[PDB]
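Trainee: Handing you a structure now.
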Amino acid sequence: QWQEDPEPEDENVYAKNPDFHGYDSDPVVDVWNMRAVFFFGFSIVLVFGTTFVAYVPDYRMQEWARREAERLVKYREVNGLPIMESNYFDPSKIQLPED
Amino acid sequence: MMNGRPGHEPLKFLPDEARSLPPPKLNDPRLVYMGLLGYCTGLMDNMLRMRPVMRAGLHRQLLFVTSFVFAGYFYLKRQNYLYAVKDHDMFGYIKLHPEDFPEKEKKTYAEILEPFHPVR
Amino acid sequence: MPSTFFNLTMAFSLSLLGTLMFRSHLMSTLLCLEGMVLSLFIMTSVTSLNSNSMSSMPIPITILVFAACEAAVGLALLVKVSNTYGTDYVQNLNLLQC
Amino acid sequence: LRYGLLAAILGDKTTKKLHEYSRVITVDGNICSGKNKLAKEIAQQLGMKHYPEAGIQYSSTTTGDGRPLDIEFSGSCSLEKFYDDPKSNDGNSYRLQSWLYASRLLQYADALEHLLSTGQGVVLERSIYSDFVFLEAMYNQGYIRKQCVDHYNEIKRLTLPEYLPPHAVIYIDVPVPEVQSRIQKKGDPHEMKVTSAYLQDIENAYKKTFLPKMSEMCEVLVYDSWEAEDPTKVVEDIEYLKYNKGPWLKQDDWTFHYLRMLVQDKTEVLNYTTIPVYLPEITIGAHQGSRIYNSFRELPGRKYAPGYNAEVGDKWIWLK
Amino acid sequence: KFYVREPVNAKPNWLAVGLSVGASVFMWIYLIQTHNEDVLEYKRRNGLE
Amino acid sequence: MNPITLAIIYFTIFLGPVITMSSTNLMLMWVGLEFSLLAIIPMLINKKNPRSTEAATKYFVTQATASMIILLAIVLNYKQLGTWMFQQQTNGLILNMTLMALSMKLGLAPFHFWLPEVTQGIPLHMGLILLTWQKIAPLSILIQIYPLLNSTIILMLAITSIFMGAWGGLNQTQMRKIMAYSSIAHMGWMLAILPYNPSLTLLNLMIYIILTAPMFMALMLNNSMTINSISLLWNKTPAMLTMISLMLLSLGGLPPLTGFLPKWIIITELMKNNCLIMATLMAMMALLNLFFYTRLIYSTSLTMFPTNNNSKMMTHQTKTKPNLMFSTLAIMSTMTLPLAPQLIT
Amino acid sequence: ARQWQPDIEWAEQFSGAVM
Amino acid sequence: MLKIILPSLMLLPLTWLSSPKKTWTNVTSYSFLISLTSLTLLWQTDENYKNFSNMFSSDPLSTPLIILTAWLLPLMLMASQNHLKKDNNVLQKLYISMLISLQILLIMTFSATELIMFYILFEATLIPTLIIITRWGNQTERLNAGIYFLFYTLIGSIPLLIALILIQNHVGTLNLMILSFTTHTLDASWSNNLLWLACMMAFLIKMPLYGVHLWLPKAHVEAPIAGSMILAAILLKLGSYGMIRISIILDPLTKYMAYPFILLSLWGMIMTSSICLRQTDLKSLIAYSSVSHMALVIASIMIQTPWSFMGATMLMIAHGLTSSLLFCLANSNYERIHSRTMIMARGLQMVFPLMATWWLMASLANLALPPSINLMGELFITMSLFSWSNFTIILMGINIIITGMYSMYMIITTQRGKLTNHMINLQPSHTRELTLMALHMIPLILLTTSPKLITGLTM
Ligand SMILES: CCCCCCCCCCCCO[C@@H]1O[C@H](CO)[C@@H](O[C@H]2O[C@H](CO)[C@@H](O)[C@H](O)[C@H]2O)[C@H](O)[C@H]1O
Ligand SMILES: CCCCCCCCCCCCO[C@@H]1O[C@H](CO)[C@@H](O[C@H]2O[C@H](CO)[C@@H](O)[C@H](O)[C@H]2O)[C@H](O)[C@H]1O
Ligand SMILES: CCCCCCCCCCCCO[C@@H]1O[C@H](CO)[C@@H](O[C@H]2O[C@H](CO)[C@@H](O)[C@H](O)[C@H]2O)[C@H](O)[C@H]1O
Ligand SMILES: CCCCCCCCCCCCO[C@@H]1O[C@H](CO)[C@@H](O[C@H]2O[C@H](CO)[C@@H](O)[C@H](O)[C@H]2O)[C@H](O)[C@H]1O
Ligand SMILES: Nc1nc2c(ncn2[C@H]2C[C@H](O)[C@@H](COP(=O)(O)OP(=O)(O)OP(=O)(O)O)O2)c(=O)[nH]1
Ligand SMILES: [Mg+2]
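Residue numbers (the deposited numbering), protein chains in the order written: chain g, 23 to 121; chain d, 1 to 120; chain K, 1 to 98; chain O, 1 to 320; chain c, 1 to 49; chain N, 1 to 345; chain D, 1 to 19; chain M, 1 to 459.
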């Protein structure tokens, strides 16, 4: 046979450090890696990112569009105009082919 | 394509007519990137010689950064000049041949009948 | 002139065909190269004479000078081939297929 | 200025330095034949540099801080293990012999570099030229496989012809029954386990192969024990050798330049000892190979090139 | 002393260091000066300020 | 070699191409090519074994034959027009044999068969000169007569070289043969664009050279002649694993490396001239090169092959190589695509 | 289990004259 | 975008200049903060898309893909730590640099305004991806997986390069906005039909389309976990994102050119989902599940309706989080018993009760339980396809049945039944592992709360 190491044995991570969090074999490094993930991942990103998204105003002008629609529905109805016409473009602005 | 053009000096890196162009900024992003490559070259050289990558030979590292920026500035000046000459020739040729480059009067979309292709 | 230059070009073509179609001796091929050189010398010389181009007569001499250097190197290489194998056969020169 | 073509052109030339005792001398013989005491006195009396026999740790002691290394860094082979079980199925016998050939090759390049650069002669104890007598003895005793022999002869074919052989080869002839007695008096627990058949193979290889081969190109001087015990007698024979044969006669300044270029570059010297021929005895898997290599670069003075190890007191790194 | 053999890089190559810093410091000065004249000539030729 | 011989021979190796690139007269261009052949032979055969003798001999007979055909074209043109340069009026057959003979000098397929054999038979540092410095003089001639060349022969030579460079490199375990097939493939790209845009021929030549030079230096560091030898890098000089991998991927033309630029720009220019079918075929078969480079990357840096016991003695030794030219070329051959506009015009 | 790395049988497929 | 890209580039020196004991804590924390900054792209108070410069833009299609990319980097780092803890310090830093490189390349890819820039970054991603798979994969088949992945992509990408050059030679630009406004109808020539295929094949291979999908099951089974996460979550979405960008110039040929690819996808999604019923390898099962889901994305992009594009955008994001979660869940058992055979570990709810809860939610997400964005995307795709042809519901209906079958099959097999009690090395779940699962599942729930953010361009 060639010169090769034997396969390493299975290890129980909790045997030496029963407070293991999954991050590091050094206990102090382990707990601070755990805290950084929970603080930056959850306390900062998930809470404040959620807050910031929640207070983005008029996202994609959805609030303006409903406000504008009510203004037009109001206007188009008191004056007796149709609510919505078939032609988006006024036909006077279009020159069709003679044929 | 441009080599045989009028007033072409042989093996001239920077013709005197190039001195009318604005020179590149010394913090031009292309020159900043050149200096970064010189810094990488110094670090890679340290690695290949089994030296401390960041610590060894700061004099050697500084020369690598300065050479890349120094060479890059003058090469960038030459490249600016060649592109300027290309535009000078192209536009000058356009003016001498107005029959090959007519101004095409474009029509508004009120007159153009594009076909409609229903999606369904 | 017309028929002479046709025959000289044919003479070059035959010498090149000799070069391209090996037999066994490397030396026989080295002689075919000297045949192409000889044909090209006469073609250049006759052209210079027929056009009275005296400023071009150095060129045929330079053709022979570099041909002599080419032939000297060819013979020098042939000594090396013969030392390795005891012949100048080209079929022995096949180690670099693998 | 590191030696090279420029230094050679500027006067640095070997033939100006050679004198009467700018010679390569090797001392051979069976185990416990008295080579070391003789080699030491030949070198001392002639003003030459003595190189003790290249062992397992030779490379360890000529690099770094010169201290011995852990064995996994140094060939992972054991002479004591060889005597305890010369047929171990872990490949120790040939791994040992292969390592010792490469360590001898390194020493021979180091000795030649010394002679070529200074003009002082050298005295060796066995060499790459005589290393095969141990390989033949192992094979004849069935200690190694034939494929191990073919591997060894390939590496030797690729490395040994590049060098100049010794000027003089000194052989001490001690018969095997006397060699066994000296080993028992020597008192090494494992070496005492060496069979007499193994020692006879060494002597057979020495006298049928090495000595006739060496006599074609070197001065050969054979002594019995009683002649060798007085080293001044051997020196007197060396002083009057003529050296009228071999390759050293046709060396000139530029063949010496190119040999010097080879022997100062140690990774070039050792190149063909590492050819990828996958003999199990000397093949290391990547898991073991990389674990060992990573630990070696964590030893003191070994993480960086010499002169760049701040933890062993190297200074001015930022200007080097 | 640590190394059994003397390193090649035991102490700085003081000539090499001085040439390197001299070459870099000269190139930086020449680069900045040449850039200054390149600006003035550009402005002069184009009638700017 | 003693210093006087080295100086004279290396000077003549340098001189020949300089004469070719500076000459107005076609005869002096041919003289320049003659200097190159004569001066390189002693370097090819310097080590003096049967393989180097075979390599030098095969190189000599090919190169000398091609040189005669080039001279025939020059003489025929002198007969036709009474001048020593090719013109618009030069007979097209005269120009086609010039192209044939120069492509044989370059090792373009189907005149390629000699080049992998000669590269295999010579030292690595001579392979470096053969595949870089020795290309410049024949290419320089071709660039001068680019409007006169026949696009049909060029594209057929070009596609043939790319196809055989690809399939050729796929079967190799010898490094010197892999580089030779890499040369042939890249020459196929250089030639394809020459009749359209000779500036892009030079762009490809420069990028090929600064990729090939540090690749040869990396082989030279441990004298790695085979895949199995280069696969020991992880144990001998692991610091090189990053740059070899990127240089190999750059040679294969993978973005965002500098070696993507020559293939990208040549395709762009070929399609500005409606050479769509050839450009498609060229680009598709160039992927086969990336396959054998990847297999090479697999055996050097992405896995670890078995090592041997004697390699531990190598780890005790200090090295003095590579020179700092390796790092400069290695970086500029891989990380300069952001500066692409400054390289094409 | 340990990461697989090339063994002798894997490396020997590049030891031939051709692939 | 520079205020997102530059800090991402600074993660590379941060990795290499950190102490060995601080590298993971450092790079993970700033990676989270960079995800926070990418949320600025969601501040969209009008209907004009953000054009930051000539080079970088962001609209409602790229913005979700950029943010998901930014979020994955911290998650991949946490996923990698345990199986890298035996590598030496330089090898760990090299791995982190590969992960950062993909994050940088992908963010630039989704914000590029010009198609050849997209192509260069699109192709650049193969390098770090291949390195991750082959240098840190566990089995000997990782090398074959690398070859398939690299060359399935490359053979399709070369025709794409030709088409992009051809379009630029004809139009004078590859800028996306100008291509949109100035697009003109194509003629239905053979030459234009080949142009359509050259523009589409690389994106279709990347999805992957059924028939050319064999690279993906190979790549997942052999990759390390962070490679599986990025591949399933983001890299497949390059094809769908590419198809949506480039199809604007291909009209009206997509009306007939799409038929073979709708057929392969709608039939193929049944073949690959049915494979999941008889797959012995858990990673392979999750991988085939992705091919089935991405078949729906292909079909809805091919029919080019407002609903179909919106359903595809939601499914792209939802699948990204869900599949990445499933790979992480599978990897947690593998790190304990070092096998991917699904039927080996059993009854795991007995010993990992909270991890079993994460399993159930991931499975419920995968079979598209309402009102999850998983269901919302699949629902609107179903509505658009039914409009395209009412008979599509037959194939949709079969896939919905099969998807429930294999989703619950995976849960029953691995979490329920009797515990395989010879496995005494079933260590309790790591805090890191349980945190990793939550970081997938909270965004899925939050996006279900506010589904306007992932509707895409058409709604
Ligand atoms: C993502 C995380 C986001 C964190 C959010 C933190 C937001 C903090 C909210 C601060 C809101 C109060 O903001 C403050 O309100 C006052 C109301 O008096 C307003 O102030 C304005 O109107 C008031 C009306 O009386 C005037 O008197 C005043 O002079 C004028 O400036 C402005 O809007 C602002 O000055
Ligand atoms: C390589 C590039 C750099 C070097 C540039 C070239 C110039 C080199 C100058 C130094 C050359 C002197 O090199 C010297 O050459 C002479 C040739 O007469 C050789 O000498 C030769 O003639 C002398 C006669 O007395 C004898 O040594 C002998 O018959 C023969 O070898 C030397 O052995 C060699 O040392
Ligand atoms: C302005 C005029 C310019 C003149 C031309 C300039 C040419 C410059 C190139 C000089 C190159 C010399 O390159 C150097 O040459 C020597 C011998 O000469 C090569 O050869 C040396 O090393 C190899 C390594 O195996 C040995 O096999 C060989 O026997 C030994 O001589 C080196 O490997 C190379 O590093
Ligand atoms: C567009 C994105 C660009 C991606 C850039 C690609 C980065 C380079 C990828 C190739 C990686 C180089 O290959 C990698 O080299 C390093 C050393 O540097 C080796 O590193 C490892 O092994 C070597 C010995 O072999 C040890 O000395 C070293 O400490 C250890 O970390 C890796 O095992 C190898 O896989
Ligand atoms: N297997 C093997 N053993 C070797 C080799 N060279 C030396 N040895 C062993 C044999 C001995 O047991 C041991 C001591 O070396 P020696 O042969 O020189 O014996 P010793 O030094 O005691 O007597 P000496 O004065 O030097 O002649 O080293 C070798 O090449 N192969
Ligand atoms: Mg002894």
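Each residue gets a CB set at the ideal place from its N, CA and C atoms; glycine is no exception.
1. Tell me whether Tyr129/O sits in a helix, a strand or coil according to DSSP, three-state version.
2. Would the beta-carbon of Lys185/O be found less than 7 Å away from any heavy atom of ligand 6?
3. Which residues, in chain order, sit with a beta-carbon under 7 Å away from any heavy atom of ligand 4?
4. What does the shell around ligand 1 hold, if a residue joins when its beta-carbon is under 7 Å from any heavy atom?
5. Which partner residues does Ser57/M have in the DSSP bridge list?
6. Quick one: what's got a C-beta closer than 8 Å to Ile343/M's C-beta in the same chain, skipping five residues either side?
7. Which bits of chain c does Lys320/O rub up against, with CB to CB less than 7 Å?
8. Could you tell me which residues DSSP puts in a beta bridge with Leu221/O?
9. Find the residues of chain N that neighbour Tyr33/d, judging by a C-beta separation of less than 8 Å, and give them in chain order.
10. Once you ignore the five residues that flank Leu8/K on each side, which residues in its own chain have a CB closer than 7 Å to its CB?
11. Quick check: is the beta carbon of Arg5/c nearer than 8 Å to any beta carbon in chain O?
12. Check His97/d in the structure and name its three-state DSSP category.
13. Which full runs of the alpha helix (DSSP H) of 4+ residues lie inside the region 116 to 183 of chain M, going along the chain?
14. Give the list of continuous alpha helix (DSSP H) stretches no shorter than 4 residues that lie fully inside the region 259 to 304 of chain O.
15. Given 8 Å as the limit, is there contact between the region 261 to 269 of chain M and the region 195 to 215 of chain M, that is, 3 or more CB pairs closer than that?
16. Below 8 Å on the Cβ atoms is my contact criterion, and I expect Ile381/M with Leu296/M to pass it. Report the Cβ-Cβ distance as a whole number of Å.
17. Restricting to Cα atoms, I'd like to know which of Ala168/O, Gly307/O, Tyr152/O, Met261/O is closest to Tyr3/O.
18. Following a CB-centred definition, is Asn274/N positioned closer than 7 Å to any heavy atom of ligand 2?
19. Under three-state DSSP, which class holds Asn308/N?
20. My output table needs one value for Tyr94/O: the three-state DSSP class, helix, strand or coil.
21. Check the Cβ-Cβ distances between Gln13/D and every residue of chain M, and say whether any is below 8 Å.
22. Grab the span of the beta strand (DSSP E) containing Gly29/O for me, first residue to last.
23. How far does the alpha helix (DSSP H) with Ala101/N in it reach, from first residue to last?
24. Check whether chain D comes within 8 Å of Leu219/N, counting only Cβ atoms and requiring the distance to be less than that.
25. Return yes when at least one heavy atom of ligand 3 lies under 7 Å from the C-beta of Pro123/N, else no.
26. If I measure Cβ to Cβ from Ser98/O and keep anything under 7 Å in the same chain, skipping five residues before and after, which residues do I get?
27. Just the residues with CB closer than 5 Å to a heavy atom of ligand 5, in chain order, which are they?
28. Three Cβ pairs or more, each shorter than 8 Å: is that satisfied between the region 70 to 85 of chain O and the region 76 to 91 of chain K?
29. Look up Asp38/c in the DSSP assignment and say whether it is helix, strand or coil.
30. Can you tell me where the alpha helix (DSSP H) holding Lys272/N begins and where it ends?
31. On the three-pair Cβ rule with 8 Å, is the region 75 to 94 of chain g touching the region 31 to 49 of chain M?
32. Check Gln172/N in the structure and name its three-state DSSP category.
Mentor: Considering the structure as presented:
1. On the fourth sequence, position 129 is the one that residue 129/O refers to. Under the three-state reduction of DSSP, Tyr129/O is assigned to coil, being neither helix nor strand.
2. Counted from its first residue, the fourth sequence places residue 185/O at position 185. No, Cβ of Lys185/O sits at least 7 Å from all heavy atoms of ligand 6.
3. Close to ligand 4, as judged by a C-beta nearer than 7 Å to any of its heavy atoms, are the residues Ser290/O, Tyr293/O, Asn294/O, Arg297/O, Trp234/N, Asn235/N, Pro238/N, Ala239/N, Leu241/N, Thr242/N, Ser245/N, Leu246/N, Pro256/N, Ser301/N, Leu302/N, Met304/N, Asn88/M, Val90/M, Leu91/M, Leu94/M, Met98/M, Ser101/M, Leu105/M, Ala124/M, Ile127/M, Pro128/M, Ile131/M, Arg135/M, in chain order.
4. With the criterion CB distance below 7 Å from any heavy atom of ligand 1, the matching residues run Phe70/g, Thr73/g, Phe74/g, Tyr77/g along the chain.
5. Here residue 57/M refers to the residue found at position 57 of the eighth sequence. Looking at the DSSP output, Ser57/M sits in a beta bridge with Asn51/M.
6. For the purposes of this step, residue 343/M is taken as the residue at position 343 of the eighth sequence. So the list reads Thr280, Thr413, once near-sequence residues are dropped.
7. Start at 1 with the first residue of the fourth sequence, and residue 320/O comes out as number 320. Under the 7 Å cutoff, chain c gives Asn9, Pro12.
8. Reading the fourth sequence from its first residue, position 221 is the one you call residue 221/O. DSSP lists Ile170/O as partners of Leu221/O.
9. In the second sequence, residue 33/d corresponds to position 33, counting from 1. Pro338, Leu339, listed in chain order.
10. Reading the third sequence from its first residue, position 8 is the one you call residue 8/K. Only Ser39, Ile42, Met43 meet the Cβ criterion.
11. By 1-based counting over the fifth sequence, the position of residue 5/c is 5. So yes, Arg5/c belongs to the interface.
12. Here residue 97/d refers to the residue found at position 97 of the second sequence. Here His97/d carries a coil assignment [DSSP, helix/strand/coil].
13. Taking only runs of at least 4 residues, the alpha helix (DSSP H) segments lying wholly in the region 116 to 183 of chain M are 126 to 136, 142 to 171, 176 to 181.
14. Within the region 259 to 304 of chain O, the complete alpha helix (DSSP H) runs of at least 4 residues fall at 266 to 269, 286 to 296.
15. They touch, by the three-pair rule.
16. By one-based count along the eighth sequence, residue 381/M stands at place 381. By one-based count along the eighth sequence, residue 296/M stands at place 296. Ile381/M to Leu296/M, Cβ: 5 Å. Contact.
17. For this step, residue 3/O is matched to residue 3 along the fourth sequence. The option with the nearest alpha carbon to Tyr3/O is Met261/O.
18. In the sixth sequence, the residue the question calls residue 274/N occupies position 274. Not so, every heavy atom of ligand 2 lies at least 7 Å from the Cβ.
19. In the sixth sequence, the residue the question calls residue 308/N occupies position 308. Strand, per DSSP.
20. Locating residue 94/O in the fourth sequence gives position 94, counting from the first residue. Three-state result, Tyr94/O: helix.
21. For the purposes of this step, residue 13/D is taken as residue 13 along the seventh sequence, with counting starting at 1. No Cβ of chain M is located within less than 8 Å of the beta carbon of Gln13/D.
22. Residue mapping note: residue 29/O aligns to position 29 of the fourth sequence, counting from 1. Taken as a continuous stretch (DSSP letters only), the beta strand (DSSP E) holding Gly29/O covers 24 to 29.
23. Your numbering for residue 101/N matches position 101 in the sixth sequence. Counting along the chain, the alpha helix (DSSP H) containing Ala101/N begins and ends at 92 to 106.
24. Within the sixth sequence, numbered from 1, the residue matching residue 219/N stands at position 219. Among the residues facing chain D, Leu219/N is not included, as its CB has no counterpart in that chain under 8 Å away.
25. Here residue 123/N is taken as the residue at index 123 of the sixth sequence, counted from 1. Relative to the non-hydrogen atoms of ligand 3, the Cβ of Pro123/N comes within a distance shorter than 7 Å of at least one.
26. To locate residue 98/O, count along the fourth sequence from 1; it is residue 98. If we look at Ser98/O and ignore the five residues flanking it on each side, its Cβ neighbours are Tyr152, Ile282.
27. Qualifying residues come out as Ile31/O, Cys32/O, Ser33/O, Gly34/O, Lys35/O, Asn36/O, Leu100/O, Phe134/O, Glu191/O.
28. These segments do not touch.
29. What you label residue 38/c is simply residue 38 of the fifth sequence in a count that begins at 1. Judged by DSSP in its simplified three-state form, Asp38/c adopts helix.
30. Translated into the one-based positions of the sixth sequence, residue 272/N becomes position 272. Its alpha helix (DSSP H) spans residues 260 to 272.
31. With three or more CB-CB distances shorter than 8 Å, the region 75 to 94 of chain g counts as touching the region 31 to 49 of chain M.
32. For the purposes of this step, residue 172/N is taken as the residue at position 172 of the sixth sequence. DSSP places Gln172/N in strand when its eight states are reduced to three.
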